[PDB]
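Undergrad: This is final_31.cif (mmCIF, C-alpha atoms).
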```
data_coords
loop_
_atom_site.label_atom_id
_atom_site.label_comp_id
_atom_site.auth_asym_id
_atom_site.auth_seq_id
_atom_site.Cartn_x
_atom_site.Cartn_y
_atom_site.Cartn_z
CA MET A 1 16.69 18.27 -12.80
CA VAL A 2 15.80 20.41 -9.78
CA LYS A 3 12.04 20.89 -9.29
CA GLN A 4 11.29 24.55 -8.55
CA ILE A 5 8.36 24.55 -6.08
CA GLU A 6 5.97 27.54 -6.08
CA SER A 7 3.06 26.37 -3.91
CA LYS A 8 2.07 23.92 -1.13
CA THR A 9 -0.03 22.10 -3.71
CA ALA A 10 3.10 21.57 -5.81
CA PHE A 11 5.19 20.52 -2.85
CA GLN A 12 2.68 17.89 -1.80
CA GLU A 13 2.25 16.70 -5.36
CA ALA A 14 6.02 16.28 -5.68
CA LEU A 15 6.26 14.20 -2.53
CA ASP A 16 3.45 11.98 -4.00
CA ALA A 17 4.87 11.65 -7.48
CA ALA A 18 8.24 10.62 -6.07
CA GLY A 19 6.88 7.17 -5.34
CA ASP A 20 9.53 5.25 -3.39
CA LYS A 21 12.38 7.67 -4.22
CA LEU A 22 14.37 9.75 -1.82
CA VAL A 23 13.37 13.40 -2.04
CA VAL A 24 15.93 16.07 -1.09
CA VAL A 25 14.56 19.57 -0.42
CA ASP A 26 16.77 22.70 -0.43
CA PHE A 27 15.09 25.46 1.59
CA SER A 28 16.74 28.76 0.67
CA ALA A 29 16.31 32.50 0.69
CA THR A 30 17.56 35.17 -1.67
CA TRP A 31 19.42 36.98 1.21
CA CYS A 32 21.29 33.82 2.17
CA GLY A 33 24.94 33.83 1.06
CA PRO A 34 25.75 30.20 1.81
CA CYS A 35 22.58 29.30 -0.16
CA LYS A 36 24.20 30.87 -3.20
CA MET A 37 27.49 29.22 -2.59
CA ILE A 38 25.90 25.72 -2.69
CA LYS A 39 23.24 26.21 -5.37
CA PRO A 40 25.38 24.97 -8.30
CA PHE A 41 26.47 21.93 -6.29
CA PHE A 42 22.84 21.10 -5.48
CA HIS A 43 22.04 21.20 -9.14
CA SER A 44 25.11 19.04 -9.85
CA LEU A 45 23.79 16.43 -7.47
CA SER A 46 20.44 16.38 -9.27
CA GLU A 47 22.22 15.50 -12.48
CA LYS A 48 24.46 12.90 -10.83
CA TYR A 49 21.70 11.15 -8.85
CA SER A 50 19.15 10.89 -11.52
CA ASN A 51 17.11 8.45 -9.43
CA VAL A 52 16.71 10.86 -6.44
CA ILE A 53 14.22 13.76 -6.59
CA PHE A 54 15.50 17.27 -5.82
CA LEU A 55 13.23 20.17 -4.87
CA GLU A 56 14.00 23.85 -4.41
CA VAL A 57 11.82 25.91 -2.06
CA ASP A 58 12.39 29.63 -1.56
CA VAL A 59 10.99 30.23 1.89
CA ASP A 60 9.53 33.62 0.96
CA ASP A 61 7.65 32.19 -2.01
CA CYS A 62 6.32 29.21 -0.06
CA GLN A 63 5.86 30.53 3.46
CA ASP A 64 3.28 27.95 4.38
CA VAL A 65 5.59 25.15 3.34
CA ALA A 66 8.51 26.75 5.24
CA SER A 67 6.34 27.15 8.36
CA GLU A 68 4.88 23.65 8.24
CA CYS A 69 8.28 22.08 7.65
CA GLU A 70 9.63 24.05 10.64
CA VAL A 71 12.58 25.48 8.75
CA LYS A 72 14.97 27.45 10.95
CA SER A 73 18.35 27.64 9.33
CA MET A 74 19.23 28.98 5.85
CA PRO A 75 19.84 26.75 4.04
CA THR A 76 18.06 23.72 5.40
CA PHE A 77 18.13 20.34 3.66
CA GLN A 78 15.26 17.99 4.44
CA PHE A 79 14.98 14.44 3.21
CA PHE A 80 11.71 12.52 2.61
CA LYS A 81 10.62 9.06 1.63
CA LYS A 82 6.96 8.27 0.95
CA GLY A 83 6.01 11.61 2.37
CA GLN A 84 7.84 10.99 5.72
CA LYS A 85 10.78 13.14 6.85
CA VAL A 86 13.78 10.83 7.25
CA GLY A 87 16.57 13.40 7.66
CA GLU A 88 17.46 17.05 8.10
CA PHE A 89 20.39 19.35 8.61
CA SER A 90 21.26 22.96 8.11
CA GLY A 91 24.12 24.80 6.55
CA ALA A 92 25.82 24.69 3.22
CA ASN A 93 27.96 21.62 3.80
CA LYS A 94 28.54 19.96 0.45
CA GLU A 95 30.18 16.81 1.70
CA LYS A 96 27.49 16.26 4.31
CA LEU A 97 24.75 16.80 1.72
CA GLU A 98 26.10 14.16 -0.61
CA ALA A 99 26.91 11.74 2.18
CA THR A 100 23.33 12.05 3.55
CA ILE A 101 21.92 11.29 0.10
CA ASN A 102 24.01 8.17 -0.07
CA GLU A 103 22.94 7.12 3.41
CA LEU A 104 19.23 7.51 2.68
CA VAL A 105 18.80 6.67 -0.97
#
```
Have the structure of the file written as structure tokens, please.
TA:
Amino acid sequence: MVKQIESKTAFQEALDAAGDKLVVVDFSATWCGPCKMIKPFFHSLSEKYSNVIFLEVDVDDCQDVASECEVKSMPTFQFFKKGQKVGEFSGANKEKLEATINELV
């Protein structure tokens, strides 16, 4: 249920294939503690919201994607519809993550 992204090609393809659907992107790093604390919850959301698309991008694997998306904070959650960014926040705030999904879906 979470799409593990390992190139720019794959990121762009995912935003395409989403169609109309909200896409939620978790930008993480392996050194990021809060990223680990929220990982299981992010995966829970992908099973709960089966009609929303969830992507995982490790910023060191996909540096071009990280750079082009202007990621600063670890973690960062960005939200897309039809390829357009429609939301963003940083930090591992579970309640805010779910609430944002419900606002944008």
Undergrad: Write out as a Markdown table the residues of region 4-23 of chain A that have any atom within 9 Å of an atom of region 45-60 of chain A, one row each with the nearest atom pair and its distance in Å to one decimal, counting all atoms listed in the file, sorted by chain and then rising number.
TA:
```
| residue | atom | partner | partner_atom | distance |
| --- | --- | --- | --- | --- |
| A:4 | CA | A:56 | CA | 5.0 |
| A:5 | CA | A:57 | CA | 5.5 |
| A:6 | CA | A:57 | CA | 7.3 |
| A:7 | CA | A:57 | CA | 9.0 |
| A:11 | CA | A:55 | CA | 8.3 |
| A:14 | CA | A:55 | CA | 8.2 |
| A:15 | CA | A:53 | CA | 8.9 |
| A:18 | CA | A:53 | CA | 6.8 |
| A:21 | CA | A:52 | CA | 5.8 |
| A:22 | CA | A:52 | CA | 5.3 |
| A:23 | CA | A:53 | CA | 4.6 |
```
Undergrad: Written as number ranges by chain, which residues does the PyMOL selection byres ((chain A and resi 72) around 12) give for the file shown?
TA: A: 27-29, 59, 66-71, 73-78, 88-91
Undergrad: Between A:8, A:43, A:81, A:36, which is the closest to residue 98 (chain A) once you count all atoms listed in the file?
TA: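 Looking only at the distances to residue 98 (chain A), the closest residue turns out to be A:43.
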Undergrad: One decimal, in Å: what's the spacing between CA of residue 39 (chain A) and CA of residue 92 (chain A)?
TA: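 Spanning CA of residue 39 (chain A) to CA of residue 92 (chain A) is a straight-line distance of 9.1 Å.
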Undergrad: Around all listed atoms of region 12-27 of chain A, padded 5 Å per side, what centre and edge lengths does the axis-aligned box have in Å to one decimal, as lines of an AutoDock Vina configuration file?
TA:
```
center_x = 9.5
center_y = 15.4
center_z = -2.9
size_x = 24.5
size_y = 30.2
size_z = 19.1
```
Undergrad: List the neighbours of residue 101 (chain A) out to 8 Å using all atoms listed in the file; skip same-chain residues closer than 4 positions along the sequence, and give me the result as an MDAnalysis selection string.
TA: chainID A and resid 22 24 97 105
Undergrad: How many Å separate CA of residue 64 (chain A) from CA of residue 83 (chain A)?
TA: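 Pair CA of residue 64 (chain A) / CA of residue 83 (chain A) returns 16.7 Å.
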Undergrad: Grab the CA of residue 31 (chain A) to CA of residue 65 (chain A) distance for me, in Å with one decimal place.
TA: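 About the pair CA of residue 31 (chain A) and CA of residue 65 (chain A): they are 18.3 Å apart.
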Undergrad: With only C-alpha atoms as the basis for distance, which of A:42, A:96, A:34, A:19 is at the shortest distance from residue 2 (chain A)?
TA: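 Once distances to residue 2 (chain A) are computed over only C-alpha atoms, the minimum belongs to A:42.
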Undergrad: Kindly add N, CA, C and O atoms to the incomplete region 61-76 of chain A and provide the output as a PDB file, in the coordinates of the input.
TA:
```
ATOM      1  N   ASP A  61       8.677  32.584  -1.064  1.00  0.00           N
ATOM      2  CA  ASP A  61       7.650  32.190  -2.010  1.00  0.00           C
ATOM      3  C   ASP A  61       6.641  31.216  -1.411  1.00  0.00           C
ATOM      4  O   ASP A  61       5.449  31.222  -1.784  1.00  0.00           O
ATOM      5  N   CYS A  62       7.101  30.298  -0.569  1.00  0.00           N
ATOM      6  CA  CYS A  62       6.320  29.210  -0.060  1.00  0.00           C
ATOM      7  C   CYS A  62       6.362  29.264   1.462  1.00  0.00           C
ATOM      8  O   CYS A  62       6.841  28.376   2.123  1.00  0.00           O
ATOM      9  N   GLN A  63       5.780  30.318   2.022  1.00  0.00           N
ATOM     10  CA  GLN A  63       5.860  30.530   3.460  1.00  0.00           C
ATOM     11  C   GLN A  63       5.145  29.490   4.260  1.00  0.00           C
ATOM     12  O   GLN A  63       5.600  29.130   5.342  1.00  0.00           O
ATOM     13  N   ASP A  64       4.020  29.001   3.737  1.00  0.00           N
ATOM     14  CA  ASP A  64       3.280  27.950   4.380  1.00  0.00           C
ATOM     15  C   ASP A  64       4.071  26.645   4.443  1.00  0.00           C
ATOM     16  O   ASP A  64       4.113  25.985   5.461  1.00  0.00           O
ATOM     17  N   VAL A  65       4.730  26.314   3.359  1.00  0.00           N
ATOM     18  CA  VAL A  65       5.590  25.150   3.340  1.00  0.00           C
ATOM     19  C   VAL A  65       6.758  25.302   4.323  1.00  0.00           C
ATOM     20  O   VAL A  65       7.033  24.398   5.104  1.00  0.00           O
ATOM     21  N   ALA A  66       7.417  26.447   4.303  1.00  0.00           N
ATOM     22  CA  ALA A  66       8.510  26.750   5.240  1.00  0.00           C
ATOM     23  C   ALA A  66       8.079  26.612   6.698  1.00  0.00           C
ATOM     24  O   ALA A  66       8.750  26.010   7.532  1.00  0.00           O
ATOM     25  N   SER A  67       6.915  27.194   7.001  1.00  0.00           N
ATOM     26  CA  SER A  67       6.340  27.150   8.360  1.00  0.00           C
ATOM     27  C   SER A  67       6.018  25.720   8.764  1.00  0.00           C
ATOM     28  O   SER A  67       6.427  25.252   9.843  1.00  0.00           O
ATOM     29  N   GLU A  68       5.306  25.014   7.899  1.00  0.00           N
ATOM     30  CA  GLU A  68       4.880  23.650   8.240  1.00  0.00           C
ATOM     31  C   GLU A  68       6.012  22.654   8.329  1.00  0.00           C
ATOM     32  O   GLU A  68       5.952  21.725   9.126  1.00  0.00           O
ATOM     33  N   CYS A  69       7.080  22.902   7.579  1.00  0.00           N
ATOM     34  CA  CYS A  69       8.280  22.080   7.650  1.00  0.00           C
ATOM     35  C   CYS A  69       9.227  22.544   8.747  1.00  0.00           C
ATOM     36  O   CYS A  69      10.251  21.922   8.945  1.00  0.00           O
ATOM     37  N   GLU A  70       8.882  23.599   9.478  1.00  0.00           N
ATOM     38  CA  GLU A  70       9.630  24.050  10.640  1.00  0.00           C
ATOM     39  C   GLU A  70      11.080  24.355  10.299  1.00  0.00           C
ATOM     40  O   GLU A  70      11.981  24.026  11.016  1.00  0.00           O
ATOM     41  N   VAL A  71      11.262  25.073   9.213  1.00  0.00           N
ATOM     42  CA  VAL A  71      12.580  25.480   8.750  1.00  0.00           C
ATOM     43  C   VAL A  71      13.114  26.520   9.694  1.00  0.00           C
ATOM     44  O   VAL A  71      12.399  27.479   9.977  1.00  0.00           O
ATOM     45  N   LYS A  72      14.348  26.380  10.158  1.00  0.00           N
ATOM     46  CA  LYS A  72      14.970  27.450  10.950  1.00  0.00           C
ATOM     47  C   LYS A  72      16.142  28.069  10.263  1.00  0.00           C
ATOM     48  O   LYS A  72      16.228  29.296  10.160  1.00  0.00           O
ATOM     49  N   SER A  73      17.074  27.219   9.874  1.00  0.00           N
ATOM     50  CA  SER A  73      18.350  27.640   9.330  1.00  0.00           C
ATOM     51  C   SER A  73      18.289  27.812   7.823  1.00  0.00           C
ATOM     52  O   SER A  73      17.593  27.064   7.148  1.00  0.00           O
ATOM     53  N   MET A  74      19.079  28.741   7.308  1.00  0.00           N
ATOM     54  CA  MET A  74      19.230  28.980   5.850  1.00  0.00           C
ATOM     55  C   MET A  74      20.639  28.672   5.447  1.00  0.00           C
ATOM     56  O   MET A  74      21.557  29.311   5.956  1.00  0.00           O
ATOM     57  N   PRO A  75      20.838  27.681   4.570  1.00  0.00           N
ATOM     58  CA  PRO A  75      19.840  26.750   4.040  1.00  0.00           C
ATOM     59  C   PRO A  75      19.507  25.644   5.029  1.00  0.00           C
ATOM     60  O   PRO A  75      20.295  25.352   5.934  1.00  0.00           O
ATOM     61  N   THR A  76      18.385  24.988   4.777  1.00  0.00           N
ATOM     62  CA  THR A  76      18.060  23.720   5.400  1.00  0.00           C
ATOM     63  C   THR A  76      17.834  22.692   4.327  1.00  0.00           C
ATOM     64  O   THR A  76      17.204  22.971   3.306  1.00  0.00           O
TER      65      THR A  76
END
```
